[PDB]
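Asker: My structure is below; once you've seen it, I'll send some questions.
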Amino acid sequence: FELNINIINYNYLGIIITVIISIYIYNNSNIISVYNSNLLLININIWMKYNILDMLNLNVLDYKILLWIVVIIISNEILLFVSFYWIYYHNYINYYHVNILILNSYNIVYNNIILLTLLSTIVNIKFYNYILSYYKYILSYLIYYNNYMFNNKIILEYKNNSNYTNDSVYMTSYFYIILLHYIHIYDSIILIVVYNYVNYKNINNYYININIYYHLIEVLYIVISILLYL
Amino acid sequence: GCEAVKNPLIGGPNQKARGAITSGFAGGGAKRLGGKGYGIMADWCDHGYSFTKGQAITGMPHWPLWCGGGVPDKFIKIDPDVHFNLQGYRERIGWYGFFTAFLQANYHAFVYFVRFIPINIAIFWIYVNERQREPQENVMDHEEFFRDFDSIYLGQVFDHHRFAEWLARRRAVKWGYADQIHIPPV
Amino acid sequence: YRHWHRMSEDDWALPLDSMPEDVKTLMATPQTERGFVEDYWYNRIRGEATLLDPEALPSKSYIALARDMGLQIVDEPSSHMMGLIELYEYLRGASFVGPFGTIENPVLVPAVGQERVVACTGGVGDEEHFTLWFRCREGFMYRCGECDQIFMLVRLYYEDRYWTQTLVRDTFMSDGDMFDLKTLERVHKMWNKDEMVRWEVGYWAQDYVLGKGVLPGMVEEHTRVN
Amino acid sequence: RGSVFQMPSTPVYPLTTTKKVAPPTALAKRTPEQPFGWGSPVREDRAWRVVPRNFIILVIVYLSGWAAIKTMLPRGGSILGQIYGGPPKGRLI
Amino acid sequence: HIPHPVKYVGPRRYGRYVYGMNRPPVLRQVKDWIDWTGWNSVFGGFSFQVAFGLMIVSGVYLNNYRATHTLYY
Amino acid sequence: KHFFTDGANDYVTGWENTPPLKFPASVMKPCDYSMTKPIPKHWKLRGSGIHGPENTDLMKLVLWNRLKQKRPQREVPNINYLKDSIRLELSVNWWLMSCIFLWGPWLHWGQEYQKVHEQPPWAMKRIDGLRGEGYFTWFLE
Amino acid sequence: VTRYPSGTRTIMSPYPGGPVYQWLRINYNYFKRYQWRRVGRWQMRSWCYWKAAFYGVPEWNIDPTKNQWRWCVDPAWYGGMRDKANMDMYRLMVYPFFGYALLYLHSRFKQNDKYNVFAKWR
Amino acid sequence: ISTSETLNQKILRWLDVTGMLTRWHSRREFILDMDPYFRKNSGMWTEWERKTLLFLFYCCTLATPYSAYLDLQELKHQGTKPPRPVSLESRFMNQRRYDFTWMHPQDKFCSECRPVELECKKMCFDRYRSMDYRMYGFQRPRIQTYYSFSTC
Amino acid sequence: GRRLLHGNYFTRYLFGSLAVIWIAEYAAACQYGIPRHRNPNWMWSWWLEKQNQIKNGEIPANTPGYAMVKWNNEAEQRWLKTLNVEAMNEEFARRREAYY
Amino acid sequence: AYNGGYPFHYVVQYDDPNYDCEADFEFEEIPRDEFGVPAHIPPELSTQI
Ligand SMILES: CCCCCCCCCCCCCCCCCC(=O)OC[C@H](COP(=O)([O-])OCC(O)COP(=O)([O-])OC[C@@H](COC(=O)CCCCCCCCCCCCCCCCC)OC(=O)CCCCCCCCCCCCCCCCC)OC(=O)CCCCCCCCCCCCCCCCC
Ligand SMILES: CCCCCCCCCCCCCCCCCC(=O)OC[C@H](COP(=O)([O-])OCC(O)COP(=O)([O-])OC[C@@H](COC(=O)CCCCCCCCCCCCCCCCC)OC(=O)CCCCCCCCCCCCCCCCC)OC(=O)CCCCCCCCCCCCCCCCC
Ligand SMILES: CCCCCCCCCCCCCCCCCC(=O)OC[C@H](COP(=O)([O-])OCC(O)COP(=O)([O-])OC[C@@H](COC(=O)CCCCCCCCCCCCCCCCC)OC(=O)CCCCCCCCCCCCCCCCC)OC(=O)CCCCCCCCCCCCCCCCC
Ligand SMILES: CCCCCCCCCCCCCCCCCC(=O)OC[C@H](COP(=O)([O-])OCC(O)COP(=O)([O-])OC[C@@H](COC(=O)CCCCCCCCCCCCCCCCC)OC(=O)CCCCCCCCCCCCCCCCC)OC(=O)CCCCCCCCCCCCCCCCC
Ligand SMILES: CCCCCCCCCCCCCCCCCC(=O)OC[C@H](COP(=O)([O-])OCC(O)COP(=O)([O-])OC[C@@H](COC(=O)CCCCCCCCCCCCCCCCC)OC(=O)CCCCCCCCCCCCCCCCC)OC(=O)CCCCCCCCCCCCCCCCC
Ligand SMILES: CCCCCCCC/C=C/CCCCCCCC(=O)OC[C@H](COP(=O)(O)OCCN)OC(=O)CCCCCCC/C=C/CCCCCCCC
Ligand SMILES: CCCCCCCC/C=C\CCCCCCCC(=O)OC[C@H](COP(=O)(O)OCCN)OC(=O)CCCCCCC/C=C/CCCCCCCC
Ligand SMILES: [Zn+2]
């Protein structure tokens with residue numbers, strides 16, 4: 001027989017990661033922060049390596065445990081956006097009569113909605129192929145093109161906007177809510193860059209996580225679009 | 001230090017006597033180059049699929065999970081008795097060998113960076129390309145705008161080519177290089 | 001069981017590359033001296049040699065037929081040991097529910113060691129009480145202080161070892177007549193002729209008996225690039 | 001060979017048509033000095049030599065180029081500034 | 001989940017494609033495809049945009065035309 | 001379905017609480033001995049009596065759940081199952097079609113009208129002298 | 001029935017097509033299968049994130065009793081000397097970090113004029 | 001022109017120049033278009049799954065050009081954004097407690113300019129250049145550079 | 001295959017919630033008697049009268065609001081020094097002739 | 001009734017003895033099933049046979 005769980009006795013990434021966090025506080029140059037971020041990325045990858053190596057234990061509950069962890073993380077991301085919506089709507093009584101130019105409801109909203117919908121369709125096709133034990137090379141490069149356009153559009157919008165964060169709480173909330181969504185789009189790039197075909201298929205937690213996360217980002221933008229643009 | 005470090009090899013005889021295993025490559029047993037084999041067959045070099053040659057070097061990974069199984073003894077190259085038993089390992093590889101071991105321990109991190117940098121370079125190019133250009137005329141005088149509201153506010157939709165040329169001339173006047181540039185006619 | 005993961009490819013069959021190359025010694029090794037891989041191929045080579053000889057099957061007794069395929073004839077001792085093994089394995093990830101324990105029929109608590117923690121929850125319905133945990137050690141008839149339910153520890157122990165499927169086989173299975181390599185050759189020629197190999201394990205096995213790389217195409221079969 | 005679930009439709013073994021001598025690993029057996037891997041030919045381990053060599057070269061080029069820019073070129077806000085951030089030619093300051 | 005039969009009642013096979021001969025009209029083919037893959041996805045997908053579009057474009061009459069003709073001052 | 005559930009959508013291990021309906025009850029049946037008739041007093045307990053593999057039905061359930069994992073061909077599900085598996089995918093695709101062919105045309109029409117008349121076609125025209133497009137979603141005014 | 005090479009002959013029309021059409025059909029088929037898919041095959045095989053996770057891990061023995069390193073050794077050190085070397089390298093940075101961290105405290109302490117506590121009132 | 005085919009056949013042929021329609025109507029053509037490793041699993045697919053996958057795939061790819069057209073128009077719109085009236089500094093507008101330095105804690109470039117206030121930075125970079133300190137950007141006319149989306 | 005939520009849960013609880021919100025709001029308006037006619041205009045009576053005068057032609061077209069008030073702030077005094085409504089109207093008239 | 005009807009393990013056969021789905025990048029071979037059904041015969045038809 002064997003123990004139900006193969007215990008993990010020792011770990012040293014925790015110390016390294018925690019020290020990396022402290023380096024952000026104790027920096028005397030923003031250049032150190034940039035290089036420190038690479039270290040954090042490296043060590044987080046090692047932690048992800050340990051999760052993949054745990055497959056050797058053949059434990060049925062490992063998939064379930066990680067899936068429910070992601071559910072909790074998703075909830076935290078939703079509640080973080082709720083706080084920004086809370087901040088935005090608290091000062092609702094002070095909006096729409098101040099001498100600032102709010103965003104148009106015709107151009108930005110439509111193309112972004114169309115663009116992000118295509119992103120969902122690409123990920124949906126990836127899920128379908130994952131169900132069918134099949135792969136299509138071009139799909140990943142469609143995501144990169146999709147992400148390239150999103151970055152190009154958002155950069156221009158910020159640069160050409162004629163109002164600034166210090167003009168009103170409305171502008172601050174607009175910029176902040178849009179940035180928060182962008183950061184979650186960038187986190188999606190971090191995840192999707194490693195998409196590959198793995199032959200153990202439906203016992204791979206990465207596929208279900210990516211599908212859930214991409215759907216969350218897109219639905220959040222619908223709420224943002226209704227609140228700010230429409 | 002040890003013989004293995006001096007003469008690195010993959011899966012030769014007398015591994016225990018040589019003192020160390022310097023290769024992370026695991027598996028083999030393919031009848032042809034790039035064919036079906038055993039083990040995962042991953043390494044820094046000589047694996048996967050050559051883009052330059054358009055040929056497969058090793059087969060798809062054969063995981064020890066449900067989808068695969070163990071590797072026959074004929075083709076096992078990382079003997080755990082030599083792979084582990086790390087007592088005295090730093091003397092068997094020396095300082096330089098210690099440096100190589102540290103670099104090779106981060107193959108997982110290296111693979112991610114290769115797949116992660118290029119899109120960031122694309123995003124960075126957008127910023128660099130735009131930063132070179134002079135900024136667009138974001139705002140103008142409050143009163144002058146309203147005295148010609150229709151032309152300025154609706155000019156773009158009615159005729160974007162003439163409107164674009166008009167913007168260029170204003171930028172030339174604003175930054176004082178109108179006489180130095182020839183704006184094409186529209 | 002529900003707590004096991006997906007069947008691996010090896011759970012069905014092993015690759016021929018795992019066949020021991022010294023087949024002549026493999027077929028002469030006693031069962032107690034054969035490892036997991038050696039035992040697997042001994043049974044498969046000997047089992048398929050008898051099954052691929054149709055003309056001899058009808059005259060072969062079930063005892064001999066079971067021996068050739070490596071199947072163990074069941075008896076009360078072996079059945080008892082195997083049954084308690086499966087019960088132990090099932091309880092690893094399943095609930096422990098059964099009839100109320102009494103002196104005549106104590107609750108059986110399988111264990112490998114000398115001790116295992118148990119809880120008593122009383123009887124059914126109103127007789128059910130709060131969990132009362134106790135350490136069930138070997139050699140004592142335990143009596144719950146609340147409901148008077150009787151528990152007993154059953155140890156899966158045998159001669160300095162704990163019961164396992166292989167241990168049961170070695171203890172009770174008896175090696176029969178030594179396998180004759182002539183049968184391997186005779187069946188090999190029956191199903192393998194003129195480049196057609198419908199009996200491939202025997203083809204490899206016969207090649208190993210003749211050394212290695214003697215039969216047609218075996219040199220190319222054993223040559224690998226990595 | 002690969003998985004046991006992939007097989008030819010017609011099970012046929014080619015009758016050797018060439019006279020090529022058998023490779024040593026094709027006839028090798030397990031030996032006390034080689035308990036594992038006797039079926040696979042020995043190969044050079046390039047990763048042990050190339051990885052540290054390539055890493056050193058990239059670091060040297062990376063650091064050397066960074067040092068050269070900050071020394072040969074005039075002071076500037078960023079590397080791109082020091083290369084293209086100067087005033088137009090003929091603009092006296 | 002309530003077990004229930006498959007509601008598709010159209011043709012199950014058109015036959016081998018032979019340069020597009022002996023095949024139904026295009027509109028009938030579109031109807032068959034949606035029957036095969038389910039109308040529930042069509043209605044669900046289009047429901048949101050139809051509701052939003054009708055509400056916005058209804059204002060052309062409800063908000064613009066009626067208001068001009070109905071202002072007591 | 002996307003999400004994994006131990007009870008119903010258990011694709012990680014493929015465990016099923018009951019056998020297929022194809023098998024005759026004699027061959028295999030669901031593990032239910034709730035209807036067992038009272039045991040005669042003269043019968044004696046030989047086995048543990050503990051719920052587990054000693055019961056024939058549970059043993060066959062465990063055996064089948066392991067041996068079903070290799071099958072010669074696919075067990076084709078009906079179109080209802082296949083529809084449900086990609087319900088979200090199909091609906092998102094139709095949502096994209098609706099955006100292109102329904103939202104796009106009238107949004108383009110509104111902007112063109114706005115160009116000529118200073119306000120969207122679904123808005124009351126102002127008489128207060130303020131300039132600009134004004135609101136878009138009229139019913140939220 | 002004549003079987004053409006896959007992707008080279010259309011089934012939509014009895015006419016194979018004109019020279020330009022045939023060139024486009026044949027060459028797209030070649031570009032996809034033998035030129036564009038090089039990139040995909042290269043990324044899938046030579047740069048697999050999951051393969052890189054098992055790099056340096058011992059082969060899995062078919063004999064079940066020869067894999068005891070799975071539970072005898074913690075997963076963080078399945079890589080032998082590589083995993084230990086990576087751990088040892090970060091250990092060397094402990095004291096360099098302390099000096100670096102101590103400098104930051106000095107920097108803040110100085111910038112707040114806390115060293116002039118006695119000189120201020122002398 | 002070719003009279004060996006109907007008009008419908010000709011239209012279908014050209015829409016099939018990349019083989020999309022042929023793969024849709026032939027299972028054999030579809031599976032052979034897969035790479036060998038994945039063709040191994042093709043036998044298990046039902047026709048409902050195969051054609052449904054293509055439908056989702058074709059709708060996505062066919063819609064990508066439309067999104068590209070929208071994005072290009074968006075880039076052109078931003079490339080020639082009309083100027084807007086200068087904001088009157090109202091009661092609660094442009095309030096500052098400290099300079100903007102979070103981007104450059106040590107260098108403190110353009111402390112008075114906001115993080116993405118390009119025109120303010122341009123004039124600030126000009127001062128630094130006039131002080132013999134190089135800075136990158138804002139020097140090339142927009143119509144003389146590539147990818148500006150501002151050309152006539 | 002076992003279901004946890006309503007078979008049409010997403011559409012049911014989105015459109016259903018919107019319907020209930022809309023119907024509740026109408027009920028609330030009826031109870032309090034709130035006027036439901038929509039006005040998109042500012043209600044400053046004096047300003048609306050001036051706008052009507054411009055529409056009638058009593059006040060020349062394109063005349064700024066600060067040109068019509070009895071108190072001007074400093075910024076408006078700056079603009080009044082450069083204001084020429086007559087010139088603006090002539091320029092617009094010239095544009096119309098060129099267009100036609 | 002598990003995994004959408006896809007078995008975890010199944011047999012695949014190839015007509016060419018020297019065929020390797022990982023080494024070759026050809027586009028003519030059609031894999032067969034355990035019963036020998038070619039892959040371009042869909043399962044809803046082959047399962048009825
Ligand atoms: C006489 C010739 C007439 C030609 C007319 C023009 C036709 C152009 C079609 C372009 C379609 C691009 C669609 C992009 C989305 C991704 C597609 C995809 O999934 O590809 C998978 C495909 C194969 O992927 P895989 O993973 O191997 O296989 C996956 C599947 O299993 C198997 O995949 P699959 O085989 O099912 O793929 C189906 C299909 C799925 O996608 C579609 O079917 C979408 C179709 C959309 C149509 C868009 C037309 C745009 C035209 C606009 C023109 C505007 C003019 C304005 C004028 C203004 C005047 C004032 O994908 C493709 O076929 C993609 C195109 C393949 C070409 C690759 C070679 C390089 C480009 C060659 C271009 C040649 C143009 C010649 C023009 C001559 C004119 C006389 O990917 C590749 O081949 C690799 C990447 C390259 C693909 C994209 C190439 C873009 C080329 C654009 C050309 C048009 C430019 C117009 C500019 C106008 C400026 C004003
Ligand atoms: C035709 C073909 C042509 C081909 C041409 C090819 C040309 C190739 C050229 C290659 C060379 C490039 C050189 C430049 C590279 C960039 C360097 C740089 O400046 O980066 C930072 C740069 C900003 O820096 P900067 O302002 O330029 O430099 C200011 C100076 O640092 C001013 O100094 P500061 O004092 O203000 O700085 C504060 C100081 C703060 O210093 C301190 O606090 C320490 C001071 C005392 C230390 C004394 C020792 C005591 C012990 C210390 C212990 C420390 C550790 C303690 C524990 C942890 C906590 C600290 O910070 C530092 O020291 C900075 C470095 C710190 C170390 C970071 C790690 C670096 C490792 C790199 C190598 C890897 C490891 C090697 C291991 C070797 C083993 C054998 O930031 C960025 O790069 C931001 C943008 C992001 C990257 C963009 C990439 C764009 C790529 C464009 C590609 C174009 C492709 C075109 C294709 C076209 C196709 C047609
Ligand atoms: C007006 C126009 C504009 C509208 C804008 C709308 C904006 C919406 C924003 C939404 C953002 C995106 C979020 C979802 C992203 C993923 C989408 C996705 O993949 O969907 C397809 C996919 C469909 O799954 P499937 O298995 O294929 O289903 C097939 C069939 O649909 C049939 O499936 P089935 O029925 O057979 O059931 C299977 C499936 C069915 O489930 C689903 O499919 C879920 C679909 C959800 C879609 C989102 C709809 C909106 C939900 C609103 C919930 C509000 C909560 C209450 C807030 C109160 C505030 C005061 O089950 C699961 O997948 C289980 C998932 C785990 C659920 C964990 C829930 C934890 C929280 C429990 C409540 C806590 C409060 C207790 C209070 C009482 C205490 C006594 O969904 C998933 O698989 C997603 C599951 C993973 C993400 C779960 C996230 C849970 C977050 C919990 C937050 C709790 C906060 C509590 C405190 C709050 C107050 C302080
Ligand atoms: C004499 C005077 C005469 C006067 C005559 C006047 C005439 C007036 C006529 C008025 C007519 C009124 C009619 C009323 C009765 C309606 C009856 C009806 O059919 O109701 C039900 C009908 C449909 O409900 P249903 O029957 O439940 O739907 C059946 C489904 O198939 C259920 O099946 P299912 O549940 O399987 O459905 C599929 C489902 C299956 O679910 C799953 O597969 C499982 C997973 C579900 C959870 C998903 C989680 C998240 C997914 C992530 C992926 C996202 C992708 C997109 C990403 C975008 C990124 C930007 O999946 C989905 O549907 C969701 C996924 C698809 C994509 C979702 C996209 C985002 C949605 C959320 C945002 C929505 C707002 C967007 C706004 C725009 C953009 C910002 O409801 C409506 O249509 C709503 C009623 C609207 C009433 C409007 C009334 C006002 C307007 C009046 C206009 C006319 C006035 C003209 C003037 C007249 C003056 C006199
Ligand atoms: C912003 C403005 C608007 C922009 C819109 C942009 C739209 C982009 C759409 C792109 C669609 C791509 C379609 C590809 C079709 C491929 C078939 C084809 O044509 O193959 C022919 C042929 C095939 O030969 P083959 O295969 O050997 O056949 C021999 C067989 O024996 C015989 O076999 P066969 O008979 O089957 O082969 C021949 C057959 C082949 O074709 C077919 O039968 C077609 C069947 C499939 C059709 C499926 C649909 C295709 C997509 C339709 C897209 C519609 C776009 C609508 C846009 C509206 C915009 C308002 O028939 C044809 O060749 C007929 C071609 C019809 C072309 C129609 C062109 C319409 C242009 C409209 C312009 C409007 C401008 C308005 C300006 C307003 C200003 C206020 O080879 C080529 O494709 C030739 C390529 C070389 C062309 C050279 C062109 C030189 C142009 C010089 C211009 C100089 C300008 C100077 C200016 C100076 C100023 C001062
Ligand atoms: C015997 C009876 C026959 C009757 C025949 C009736 C035929 C009716 C044909 C109606 C055609 C209507 C076409 C409308 C197209 C409008 C396209 C348009 O506006 O494109 C722009 C817009 C994007 O522009 P942006 O600048 O980005 O602005 C919006 C976002 N910012 O793009 C789109 O709208 C793309 C979507 C195209 C929609 C096409 C609609 C086609 C409708 C055809 C109906 C045919 C009916 C036939 C009935 C037959 C009865 C026997
Ligand atoms: C190889 C190089 C690759 C580079 C490109 C690819 C990688 C890109 C990575 C993701 C980048 C995401 C950037 C997110 C921050 C964006 C900042 C931004 O835009 O801020 C401005 C925007 C609007 O401002 P205005 O200029 O007034 O707008 C007027 C419009 N004309 O919003 C703000 O001002 C808010 C700024 C919030 C910034 C938050 C980012 C985190 C910064 C943390 C600094 C901490 C320093 C202290 C020490 C601790 C170090 C950890
Ligand atoms: Zn008790």
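Scheme for the structure tokens: letters A, B, ... for chains in order shown; per-chain residue numbers from 1; ligand numbers from 1 in order shown.
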So which residues are near ligand 1, meaning at most 8 Å away with only C-alpha atoms and all ligand atoms counted, given back as a VMD selection string?

Answerer: (chain A and resid 136 to 139 142) or (chain G and resid 20 to 21 24 28 to 29 31 to 33 36 to 37 40) or (chain H and resid 17 to 20 23 33 to 34 54 57 to 58 61 to 65)

Asker: Save the residues we just selected, C-alpha atoms, as a short mmCIF file (atom, residue, chain, number, x, y, z; two decimals), in the first residue's frame?

Answerer:
```cif
data_model
loop_
_atom_site.label_atom_id
_atom_site.label_comp_id
_atom_site.auth_asym_id
_atom_site.auth_seq_id
_atom_site.Cartn_x
_atom_site.Cartn_y
_atom_site.Cartn_z
CA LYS A 136 -4.31 24.35 -34.79
CA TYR A 137 -1.07 26.31 -35.00
CA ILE A 138 -2.53 29.57 -36.30
CA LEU A 139 -4.80 30.10 -33.29
CA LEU A 142 -4.43 35.23 -33.84
CA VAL G 20 -3.26 31.14 -61.90
CA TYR G 21 -5.85 29.30 -59.82
CA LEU G 24 -2.39 29.61 -55.98
CA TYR G 28 -0.73 27.73 -50.58
CA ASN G 29 -0.94 24.01 -49.88
CA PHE G 31 3.37 27.01 -47.89
CA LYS G 32 1.01 25.86 -45.14
CA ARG G 33 2.29 22.31 -44.88
CA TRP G 36 4.41 28.05 -42.20
CA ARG G 37 3.98 24.95 -40.05
CA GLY G 40 4.38 25.77 -35.20
CA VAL H 17 -8.80 28.48 -53.56
CA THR H 18 -7.37 27.73 -50.10
CA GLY H 19 -9.28 24.44 -49.87
CA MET H 20 -11.72 25.50 -47.15
CA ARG H 23 -12.10 20.22 -46.48
CA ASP H 33 -4.67 18.12 -43.90
CA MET H 34 -3.91 17.49 -40.22
CA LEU H 54 -14.94 24.32 -38.98
CA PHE H 57 -13.15 28.38 -37.05
CA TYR H 58 -14.34 29.90 -40.33
CA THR H 61 -11.21 33.90 -39.36
CA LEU H 62 -13.78 35.47 -41.68
CA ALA H 63 -14.53 38.07 -39.00
CA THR H 64 -10.88 38.96 -38.39
CA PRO H 65 -10.63 41.18 -41.51
#
```

Asker: Tell me as a VMD selection string which residues belonging to chain B come within 9 Å of chain A, counting only C-alpha atoms.

Answerer: chain B and resid 60 to 68 106 108 to 113 115 to 116 119 122 to 123 126 to 127 130 135 to 139

Asker: Would you please give, as a ChimeraX atom specification, all residues of region 55-143 of chain A that DSSP assigns to helix (DSSP H, G or I) based on the backbone?

Answerer: /A:55-57,61-90,92-94,107-132,138-143

Asker: Work out how far CA of residue 37 (chain B) is from CA of residue 225 (chain C), in Å to one decimal.

Answerer: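 CA of residue 37 (chain B) lies 9.8 Å from CA of residue 225 (chain C).
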
Asker: Using only C-alpha atoms and a distance of at most 12 Å, pull out the residues of chain F that contact chain D, as a PDB file with N, CA and C atoms, in the first residue's frame.

Answerer:
```pdb
ATOM      1  N   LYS F  70     -10.303   1.392 -21.718  1.00  0.00           N
ATOM      2  CA  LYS F  70      -9.853   1.006 -23.049  1.00  0.00           C
ATOM      3  C   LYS F  70     -11.042   0.428 -23.803  1.00  0.00           C
ATOM      4  N   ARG F  71     -11.352   1.006 -24.960  1.00  0.00           N
ATOM      5  CA  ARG F  71     -12.464   0.558 -25.784  1.00  0.00           C
ATOM      6  C   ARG F  71     -12.042   0.594 -27.245  1.00  0.00           C
ATOM      7  N   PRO F  72     -12.528  -0.342 -28.068  1.00  0.00           N
ATOM      8  CA  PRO F  72     -12.125  -0.328 -29.484  1.00  0.00           C
ATOM      9  C   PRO F  72     -12.549   0.914 -30.247  1.00  0.00           C
TER      10      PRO F  72
END
```

Asker: Wanna dump the chain A-ligand 3 contacts at 6 Å for me, each residue with its shortest atom pair and the distance in Å to one decimal, counting only C-alpha atoms and all ligand atoms, ordered by chain and number, as a tab-separated table?

Answerer:
```
residue	atom	partner	partner_atom_place_in_ligand_line	distance
A:71	CA	ligand 3	88 (C)	4.9
A:74	CA	ligand 3	89 (C)	5.6
A:75	CA	ligand 3	91 (C)	4.1
A:212	CA	ligand 3	19 (O)	4.3
A:215	CA	ligand 3	17 (C)	5.1
A:216	CA	ligand 3	12 (C)	3.9
A:219	CA	ligand 3	11 (C)	5.1
A:220	CA	ligand 3	11 (C)	5.4
A:222	CA	ligand 3	5 (C)	5.9
A:223	CA	ligand 3	5 (C)	5.1
```

Asker: If you keep N, CA and C atoms, can you produce a file of those selected residues as a compact mmCIF listing (two decimals), in the first residue's frame?

Answerer:
```txt
# COMPACT_ATOMS: atom_id res chain seq x y z
N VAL A 71 -11.05 29.19 -8.76
CA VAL A 71 -12.36 29.79 -8.53
C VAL A 71 -12.26 30.89 -7.49
N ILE A 74 -10.55 33.87 -9.01
CA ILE A 74 -11.46 34.58 -9.90
C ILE A 74 -12.39 35.48 -9.09
N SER A 75 -12.91 34.97 -7.97
CA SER A 75 -13.78 35.79 -7.14
C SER A 75 -13.06 37.02 -6.63
N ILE A 212 -11.46 29.90 -18.31
CA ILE A 212 -12.20 30.67 -17.31
C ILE A 212 -11.68 32.10 -17.26
N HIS A 215 -12.61 34.36 -20.30
CA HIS A 215 -14.02 34.72 -20.24
C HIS A 215 -14.26 35.82 -19.22
N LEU A 216 -13.59 35.75 -18.07
CA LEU A 216 -13.78 36.77 -17.04
C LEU A 216 -13.37 38.14 -17.55
N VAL A 219 -16.05 39.57 -19.98
CA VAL A 219 -17.31 39.97 -19.37
C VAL A 219 -17.11 41.23 -18.54
N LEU A 220 -15.96 41.36 -17.88
CA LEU A 220 -15.69 42.57 -17.12
C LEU A 220 -15.71 43.80 -18.02
N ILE A 222 -17.53 44.27 -20.65
CA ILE A 222 -18.92 44.61 -20.93
C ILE A 222 -19.47 45.51 -19.83
N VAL A 223 -19.18 45.18 -18.58
CA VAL A 223 -19.61 46.03 -17.47
C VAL A 223 -18.96 47.40 -17.56
```

Asker: Taking only C-alpha atoms and all ligand atoms into account, which residues have an atom no farther than 9 Å from ligand 6? I'd like them as a compact mmCIF listing (two decimals) with C-alpha atoms, in the first residue's frame.

Answerer:
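The resulting file, out-v8.txt, is shown below:
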```txt
# COMPACT_ATOMS: atom_id res chain seq x y z
CA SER A 105 -20.06 56.13 -27.30
CA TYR A 106 -19.55 55.25 -30.98
CA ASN A 107 -15.93 54.47 -31.85
CA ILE A 108 -13.97 53.08 -28.91
CA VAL A 109 -16.73 50.91 -27.45
CA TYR A 110 -17.71 49.20 -30.70
CA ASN A 111 -14.27 48.20 -31.96
CA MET F 97 -22.61 37.85 -35.72
CA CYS F 99 -22.65 42.70 -33.24
CA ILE F 100 -21.45 42.83 -36.85
CA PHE F 101 -24.79 42.67 -38.65
CA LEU F 102 -27.24 44.30 -36.20
CA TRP F 103 -25.40 46.69 -33.89
CA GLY F 104 -22.95 47.91 -36.53
CA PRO F 105 -25.47 49.14 -39.09
CA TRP F 106 -27.59 51.21 -36.73
CA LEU F 107 -24.57 52.54 -34.83
CA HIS F 108 -23.16 53.71 -38.16
CA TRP F 109 -26.50 55.24 -39.10
CA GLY F 110 -26.68 57.17 -35.83
CA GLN F 111 -23.24 58.70 -36.28
CA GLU F 112 -24.07 59.83 -39.82
CA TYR H 66 -13.69 43.11 -40.34
CA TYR H 69 -10.87 47.33 -40.73
CA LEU H 70 -12.43 48.76 -37.57
CA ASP H 71 -9.05 48.95 -35.85
CA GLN H 73 -10.31 53.28 -38.82
CA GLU H 74 -9.80 53.73 -35.08
```
